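For reference, the structure is listed below as structure tokens.
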Amino acid sequence: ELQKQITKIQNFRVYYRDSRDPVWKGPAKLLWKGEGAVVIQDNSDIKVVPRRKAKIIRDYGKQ
Amino acid sequence: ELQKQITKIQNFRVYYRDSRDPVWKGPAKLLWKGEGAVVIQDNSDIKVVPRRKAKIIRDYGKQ
Amino acid sequence: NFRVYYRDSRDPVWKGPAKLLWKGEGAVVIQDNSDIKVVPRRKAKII
Amino acid sequence: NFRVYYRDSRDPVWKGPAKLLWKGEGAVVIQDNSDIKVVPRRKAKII
Amino acid sequence: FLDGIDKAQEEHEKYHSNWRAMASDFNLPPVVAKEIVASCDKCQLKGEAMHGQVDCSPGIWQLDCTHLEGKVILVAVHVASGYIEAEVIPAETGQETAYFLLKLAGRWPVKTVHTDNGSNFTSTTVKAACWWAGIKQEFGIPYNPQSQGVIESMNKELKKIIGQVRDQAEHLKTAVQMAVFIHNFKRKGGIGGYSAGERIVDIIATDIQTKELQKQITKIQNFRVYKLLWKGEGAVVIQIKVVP
Amino acid sequence: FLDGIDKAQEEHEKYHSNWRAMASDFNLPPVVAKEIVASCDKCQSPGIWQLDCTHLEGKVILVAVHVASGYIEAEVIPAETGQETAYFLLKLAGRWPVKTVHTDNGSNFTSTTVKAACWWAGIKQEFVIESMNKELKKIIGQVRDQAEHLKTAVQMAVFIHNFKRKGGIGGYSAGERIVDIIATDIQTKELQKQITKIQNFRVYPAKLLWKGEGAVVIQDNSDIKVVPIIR
Amino acid sequence: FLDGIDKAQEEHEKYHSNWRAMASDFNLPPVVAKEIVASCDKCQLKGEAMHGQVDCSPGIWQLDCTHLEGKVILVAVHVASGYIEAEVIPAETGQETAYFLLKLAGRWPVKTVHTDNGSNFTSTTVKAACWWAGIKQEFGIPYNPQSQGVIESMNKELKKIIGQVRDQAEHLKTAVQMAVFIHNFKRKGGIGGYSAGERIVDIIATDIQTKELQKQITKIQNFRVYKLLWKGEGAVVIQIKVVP
Amino acid sequence: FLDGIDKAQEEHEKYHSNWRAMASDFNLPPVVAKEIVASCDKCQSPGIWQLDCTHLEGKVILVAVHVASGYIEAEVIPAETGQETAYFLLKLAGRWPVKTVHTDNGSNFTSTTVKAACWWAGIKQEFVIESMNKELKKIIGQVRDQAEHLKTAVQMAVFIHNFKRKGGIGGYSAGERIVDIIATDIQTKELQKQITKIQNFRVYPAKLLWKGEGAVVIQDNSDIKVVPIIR
DNA sequence: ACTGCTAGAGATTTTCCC
DNA sequence: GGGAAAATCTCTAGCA
DNA sequence: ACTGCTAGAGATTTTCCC
DNA sequence: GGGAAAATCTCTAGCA
Ligand SMILES: [Ca+2]
Ligand SMILES: [Ca+2]
Ligand SMILES: [Ca+2]
Ligand SMILES: [Ca+2]
Ligand SMILES: [Zn+2]
Ligand SMILES: [Zn+2]
Ligand SMILES: [Zn+2]
Ligand SMILES: [Zn+2]
Numbered sequence: 212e213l214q215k216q217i218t219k220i221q222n223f224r225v226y227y228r229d230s231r232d233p234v235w236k237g238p239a240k241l242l243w244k245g246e247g248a249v250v251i252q253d254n255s256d257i258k259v260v261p262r263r264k265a266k267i268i269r270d271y272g273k274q
Numbered sequence: 212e213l214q215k216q217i218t219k220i221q222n223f224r225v226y227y228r229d230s231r232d233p234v235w236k237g238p239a240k241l242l243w244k245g246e247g248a249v250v251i252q253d254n255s256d257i258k259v260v261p262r263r264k265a266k267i268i269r270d271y272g273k274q
Numbered sequence: 222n223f224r225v226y227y228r229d230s231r232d233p234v235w236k237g238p239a240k241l242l243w244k245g246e247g248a249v250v251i252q253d254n255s256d257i258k259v260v261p262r263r264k265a266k267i268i
Numbered sequence: 222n223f224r225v226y227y228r229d230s231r232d233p234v235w236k237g238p239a240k241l242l243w244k245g246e247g248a249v250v251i252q253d254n255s256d257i258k259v260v261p262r263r264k265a266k267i268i
Numbered sequence: 001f002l003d004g005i006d007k008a009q010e011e012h013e014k015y016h017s018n019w020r021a022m023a024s025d026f027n028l029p030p031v032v033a034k035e036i037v038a039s040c041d042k043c044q045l046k047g048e049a050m051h052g053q054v055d056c057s058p059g060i061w062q063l064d065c066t067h068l069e070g071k072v073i074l075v076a077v078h079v080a081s082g083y084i085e086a087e088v089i090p091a092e093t094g095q096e097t098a099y100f101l102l103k104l105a106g107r108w109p110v111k112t113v114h115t116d117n118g119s120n121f122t123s124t125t126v127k128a129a130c131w132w133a134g135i136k137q138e139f140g141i142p143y144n145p146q147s148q149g150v151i152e153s154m155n156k157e158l159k160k161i162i163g164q165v166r167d168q169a170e171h172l173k174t175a176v177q178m179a180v181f182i183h184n185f186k187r188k189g190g191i192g193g194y195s196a197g198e199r200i201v202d203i204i205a206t207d208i209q210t211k212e213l214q215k216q217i218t219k220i221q222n223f224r225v226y240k241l242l243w244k245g246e247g248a249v250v251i252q257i258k259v260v261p
Numbered sequence: 001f002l003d004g005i006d007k008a009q010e011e012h013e014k015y016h017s018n019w020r021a022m023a024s025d026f027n028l029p030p031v032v033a034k035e036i037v038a039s040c041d042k043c044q057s058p059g060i061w062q063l064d065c066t067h068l069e070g071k072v073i074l075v076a077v078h079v080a081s082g083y084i085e086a087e088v089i090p091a092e093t094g095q096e097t098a099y100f101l102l103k104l105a106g107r108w109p110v111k112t113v114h115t116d117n118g119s120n121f122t123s124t125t126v127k128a129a130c131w132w133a134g135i136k137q138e139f150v151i152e153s154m155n156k157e158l159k160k161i162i163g164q165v166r167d168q169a170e171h172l173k174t175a176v177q178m179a180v181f182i183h184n185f186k187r188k189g190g191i192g193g194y195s196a197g198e199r200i201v202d203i204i205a206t207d208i209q210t211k212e213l214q215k216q217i218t219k220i221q222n223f224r225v226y238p239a240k241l242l243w244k245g246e247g248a249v250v251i252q253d254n255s256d257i258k259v260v261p267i268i269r
Numbered sequence: 001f002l003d004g005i006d007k008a009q010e011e012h013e014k015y016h017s018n019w020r021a022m023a024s025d026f027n028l029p030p031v032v033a034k035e036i037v038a039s040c041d042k043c044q045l046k047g048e049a050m051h052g053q054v055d056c057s058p059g060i061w062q063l064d065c066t067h068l069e070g071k072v073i074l075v076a077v078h079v080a081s082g083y084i085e086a087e088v089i090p091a092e093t094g095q096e097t098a099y100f101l102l103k104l105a106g107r108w109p110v111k112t113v114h115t116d117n118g119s120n121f122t123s124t125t126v127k128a129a130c131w132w133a134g135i136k137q138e139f140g141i142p143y144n145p146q147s148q149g150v151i152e153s154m155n156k157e158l159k160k161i162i163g164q165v166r167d168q169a170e171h172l173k174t175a176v177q178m179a180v181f182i183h184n185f186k187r188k189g190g191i192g193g194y195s196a197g198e199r200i201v202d203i204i205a206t207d208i209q210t211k212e213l214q215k216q217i218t219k220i221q222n223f224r225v226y240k241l242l243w244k245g246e247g248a249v250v251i252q257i258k259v260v261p
Numbered sequence: 001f002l003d004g005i006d007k008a009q010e011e012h013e014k015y016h017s018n019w020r021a022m023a024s025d026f027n028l029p030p031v032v033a034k035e036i037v038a039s040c041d042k043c044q057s058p059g060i061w062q063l064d065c066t067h068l069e070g071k072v073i074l075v076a077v078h079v080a081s082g083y084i085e086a087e088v089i090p091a092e093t094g095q096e097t098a099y100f101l102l103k104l105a106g107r108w109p110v111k112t113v114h115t116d117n118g119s120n121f122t123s124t125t126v127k128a129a130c131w132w133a134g135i136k137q138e139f150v151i152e153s154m155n156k157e158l159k160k161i162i163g164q165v166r167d168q169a170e171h172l173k174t175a176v177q178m179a180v181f182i183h184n185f186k187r188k189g190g191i192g193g194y195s196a197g198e199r200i201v202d203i204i205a206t207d208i209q210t211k212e213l214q215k216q217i218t219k220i221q222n223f224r225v226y238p239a240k241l242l243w244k245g246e247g248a249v250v251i252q253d254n255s256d257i258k259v260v261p267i268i269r
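Protein chains in written order, with PDB author numbering: chain C, 212 to 274; chain C', 212 to 274; chain D, 222 to 268; chain D', 222 to 268; chain A, 1 to 226, 240 to 252, 257 to 261; chain B, 1 to 44, 57 to 139, 150 to 226, 238 to 261, 267 to 269; chain A', 1 to 226, 240 to 252, 257 to 261; chain B', 1 to 44, 57 to 139, 150 to 226, 238 to 261, 267 to 269. A prime marks a further copy of an entry chain.
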């Protein structure tokens, strides 16, 4: 009843950025979403992005 | 009497550029200097640069 | 045979299409209605 | 303790030095002669 | 080599030579010549070669007035999606700006607006509208238009689309709304291959769904890891650190 | 991979769930689940808006209601003119995916200018929205003393209706309902584009449902098979 | 899918959608949608995202007039070294430009000058001076100031150095010549760690020495390789190809 | 590496060639060859310009001659004023590496403005250049009919003298001679900077001549050694 | 205490198709 | 494992 | 048929020093 | 083989 919701929140993609790199890093895996930070998993690397530096979408090319 | 002059013309450094790369590639070895082209050896690679794309100096930090 | 859509002397509008006469490293020489023009390649699109 | 030499509102001249109060990601809050100013980090140099 | 320091300062007071010139002429190490040129107030004339990054939260918008054909176009962008709202206003006044902003906040979930320091946005009228609608007002640094770079890029793109369909409309109002239609729904590409209209509903539906999903997750996982945010098999995220 | 397919086929013929439930429950691609729900015989509107004109204080307020969500857009217009109606309609079509508008056959709704605007934006015209009009008029009466003009009170009422009046089943506002409905319609359109892209392929003669990186899902004579393609 | 081509052209004639929108909406491959957007005259509004490269021969200079404190500064740069010549001229006229150019050609081996299409440089007076001195005149593309980017960068740097030492001089002429001194001899860094004054004599002495050295080499090596330019042990350069 | 060192030491004590010949002939670094020529006892000006004023047609032409090369710079100045002389001198110091100027102690050369300009530019003042003045005046007479003004004839004469009048030993013009002389002076200054940078190091007590990537060249008691360092 | 970006054109690299 | 197509990277104007 | 560049500031990578 | 210094890379304003 809980792992279904955890995999559902992991089905969301995050496009994030770093502090001085102006390019948009690719679609990561959303692990956790907070009010000020967003914990992602990009390239088997768990990062904590600020919320103001992330665009989270469920890509509707999931079909 | 000739190889002395060939090594003397090889003691000159060339700073060259390519057609679409705006960065100045580093000091090559001047092999031949013509009126419109300049034959250089950069990184064991013999290139033919245009004369209008090359700055040839004898670096006086040769001391 | 190419089409060239170019940008001209202090004009924001884009003119064309024109015959491409010569393509260089950073500029093109084209002909837009019997007018030989030299445009930079940042201000021109060749198809 | 830092010195900040900054560029200001539509002025080509560079003012300073000022006390650095806060350094952010793309802007700094400084104090140049009892004037709290917010300058971008492209328009400021911190020593 | 303090004789080199004395002569290098005495020469830099005249010529304002850089660190390479003083390091080559007076036998100085680069640290000392860099200190000599850094202690001069007249030689600090260049800033950091970087750029900041705008706030791309799902609730922040960016507003700006542009001018076209002698008329004023008030444009707003959703900076997380590129969704464009635009109107032709009869005057660049805080009354029309507050009307546009109240109408936009009634249309979409606007949490924050990021404007410049134009009188339109700095007024008391736009300040009562954002207080009523619950919008936070962020103002950029004055005469730094790059702090609102999303809305200026969208002003450029909107003027380009207006110029493309200007001969299909008899007034500029129709051409502005036609360009808003074309940008929001007839041009794709970006972070999802979407148009801006698909991308804003993806952003907002994702915000709602992830908020409700994390609210249902958080009320179940109540572990204290030596507060658990996310447990995996290789790492564990707590609060926010990633412990191995 | 075939295990989830047979579980979904049995679960659909015993329960008749749609393709979204079979794609969430059994980890299938949505083309496979839609072909499962389309193989059955028992199991054989987000773009429709409705426009009306409401008269308050002598002024006229044009009101468009999303009939699937109840989301509303209102504008005090200077007159009941086809120019103002076509301007409102082009604005609304630029803001939201408007496919159909339902009007009340007035002199301004059947104008040539509104017909030209619906032709340009691609809108089809058809000739309980009064409940939405009554709730908007009572919210306007609740909020009229907070505004100086009527044009800045109908926007306050549209804000209160779309984001401050929650209800229905899940207690969502009209804005959350319209973004969920439009997101569902975008998922439907992307699934239809995915089906139309592979509806001309034939696999050796069988259909092509899903071409994975290691598997190819075909349908030979109402039998979904997984085998590891001509157009 | 020619029905998709017909409806995509009929929709692009209204909305001017890009190739991604037509490829997503009408089931088109990217080549066909790119052909539909490339056959439209109204959609060609962007040029190539590149830059050219100026002619950095050892004999070409670049001239430009700038304005400072209401006075006219005629500046020339050696674009292979950055060596700056500058004068304060009483008027932006072809007479003063021809005097400056004849004086510069008498001072340094000027083979080519690359100016814009300013009336000063386009005149018949500067055209007789370059004919007498033997200078070739290259003119840039009009209203493309990047074609003379070396001299505009040096105008920026020269104005910065003038602003640094403006309070040491009572007239602008003295400040311009002080800035020319500081740029040519008191600021180092570049392709050799040189100043511009060291770099120009390195460029020109290298040109003379390599010309004489290749003239003495060429009159000895007279082999015909199936004309020998340079023989090595891994390759052989002929004329100009590098045969293995 | 020591082979070229002993060949250069024997060749210097039999022939007394300078450090440039010993650095070109035996492939030594120039610090080593200069230490070889400095160890001997038998073998124990590019910045000097000279300024004069020449009167033609009533106008005054200030003429600076590089005394090592014969390269010339002339300007028709409006008056024999210390302002005009200091302006010419600051121009000349900005164009070329001017270290010393030799004048003819006039009222304009001993002015306070020229002294301030020589203090700022770093020039020292000292109080067959008439051969250069005569050749310039005869080239002006040869070229006066090709110009309208005298100011644009002295620049034509400076062009003809500096680049169109070749002579001397190798048949070089004054421009090639001054760029070879200034390049030789820059090589001399870079060698002096290289010597001064390592003149404080001591190698264990011996000098440090050349610190290669695999070798260290020292001098212990007039004996240049190669061994594979404190300041 | 706040902050360049966006869309298009062409080149380059990666992935799919037998 | 080559060729073609798609995805990604690089870079620029123009909006202030 | 012609063409962005230059110098400085900070980050990152490579080389030297025992 | 770490630490420090030097060399190299990245990026930006401002000149048109
Ligand atoms: Ca503004
Ligand atoms: Ca100019
Ligand atoms: Ca603006
Ligand atoms: Ca200019
Ligand atoms: Zn200074
Ligand atoms: Zn069924
Ligand atoms: Zn088009
Ligand atoms: Zn000797």
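Note that CB positions come from ideal geometry on N, CA and C, so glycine has one too.
Residue i vs residue j beta-carbon contact at 9 Å
i, j, result
"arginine 187/B", "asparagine 222/B", "no"
"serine 57/B", "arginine 199/B", "no"
"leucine 28/A'", "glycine 4/A'", "yes"
"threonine 93/A", "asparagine 155/A", "no"
Presumed contact (8 Å Cβ cut-off) between residue i and residue j, rounded CB distance
i, j, result
"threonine 112/A'", "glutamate 87/A'", "Not really, about 20 Å apart at Cβ, beyond 8 Å."
"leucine 158/B'", "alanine 175/B'", "11 Å between Cβ atoms; not a contact."
Taking 8 Å as the threshold, find out whether the segment 158–176 of chain B comes into contact with the segment 117–132 of chain B through three or more Cβ pairs. With fewer than three CB-CB distances shorter than 8 Å, the segment 158–176 of chain B does not count as touching the segment 117–132 of chain B.
With 7 Å as the limit, tell me which residues of the segment 201–225 of chain B have their beta carbon closer than that to any beta carbon of chain C; keep them in chain order. Of all residues in the segment 201–225 of chain B, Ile208, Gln209, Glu212, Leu213, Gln216 have a Cβ within less than 7 Å of some Cβ in chain C.
Mind the definition here: the segment 106–119 of chain A' touches the segment 178–192 of chain B' only if three or more C-beta pairs lie below 8 Å; say whether that holds. The segment 106–119 of chain A', when compared against the segment 178–192 of chain B', does touch it at the 8 Å Cβ threshold.
Any residue whose CB is nearer than 7 Å to a heavy atom belonging to ligand 8, listed in chain order: Cβ atoms closer than 7 Å to ligand 8 belong to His12/B', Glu13/B', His16/B', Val37/B', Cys40/B', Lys42/B', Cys43/B'.
At a cut of 8 Å, does the segment 242–252 of chain D' reach the segment 18–34 of chain A through at least three beta carbon pairs? Using a C-beta cut-off of 8 Å, the segment 242–252 of chain D' makes no contact with the segment 18–34 of chain A, since fewer than three inter-stretch Cβ pairs fall below that distance.
Cβ pair count under 8 Å reaching 3, the segment 197–205 of chain A against the segment 30–41 of chain A': Counting Cβ pairs under 8 Å, fewer than three are found: no touch.
Check each residue's C-beta against every heavy atom of ligand 2 and list, in chain order, those closer than 7 Å. Going by the Cβ distance cut-off, the answer is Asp64/A', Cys65/A', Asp116/A', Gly118/A'.
For the segment 25–41 of chain B', which residues have a CB atom closer than 8 Å to at least one CB atom of chain C', in sequence order? Residues of the segment 25–41 of chain B' that bring their beta carbon within less than 8 Å of a beta carbon in chain C' comprise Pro29, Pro30, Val31, in sequence order.
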